[PDB]
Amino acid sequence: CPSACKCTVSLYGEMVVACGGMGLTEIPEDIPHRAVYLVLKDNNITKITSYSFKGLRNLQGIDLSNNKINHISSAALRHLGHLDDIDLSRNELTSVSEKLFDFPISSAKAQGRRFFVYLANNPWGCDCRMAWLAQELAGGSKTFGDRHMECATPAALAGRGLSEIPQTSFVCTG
C-alpha cells in the first residue's frame, strides 16, 4: 500500500485504495494489482498518462474528481476491462478523445453491464474535437453523464450545454 493511501479489503473481498485529499501531484506507485476501487479525489494531479493505470487492470472504479487534470492520454484505459465508473469531474480538461473510452465501453457491453463516465465541471473547449461527445450526450448516451457539461470556449458558446449545440457550431480553424 502506498504511504499516502489507506488500503482496505471490503467484506466482499474488494480492495479499496483511498488516497483522497493527500496533496498528491501524481498517481502513487506500487498500488497493488488487486486494487478494485481507486480514490484519488481532491488532489493536485495534472496528467493522466498511458501508464497511469499500469498493472491496475482489475479496477472497477476510479475517482479522480476535483484534481487539476488537463490532459488524459487516449491510451490510459486501454486495458481496463472491468471498469464500471470513472469520475473526472471538477478538473481542467478542455477535451477528451473518443478513443479513450473504446476498451471499457466494449468490455462493459460484452459483460452485460454499465460503464459510466462522469465528466461534470470541466472547462470544455467546444471546437471540432468535442463534437463527438456533444452528439453522444445529445443522443441520450448511457455511458456519458450530461450533468454540468458546458462549454468554456469559444466565446460564442461559453455557458451553453454541450448537448444543446448544433454539430456545425463545433468548428476548428488552423
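One rule holds for the numbers: they count along the sequence shown, beginning at 1.
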*Per the entry, where is the mean C-alpha temperature factor higher: 107-115 or 34-42?*
107-115
*Higher average CA B factor in the deposited record is what I'm after, so tell me if that's 57-65 or 137-145.*
137-145
_CA B-factor placement of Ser52, once the chain's modelled residues are sorted into thirds_ = middle
*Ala120, C-alpha B-factor rank within chain (lowest, middle or highest third)*: lowest
*asked:* What third of the chain does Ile27 rank in for C-alpha temperature factor, lowest, middle or highest?
replied: highest
*With respect to C-alpha B-factor, does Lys99 fall in the lowest, middle or highest third of the chain as deposited?*
highest
*Going by the entry, which third of its chain does the Cα temperature factor of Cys128 land in?*
highest
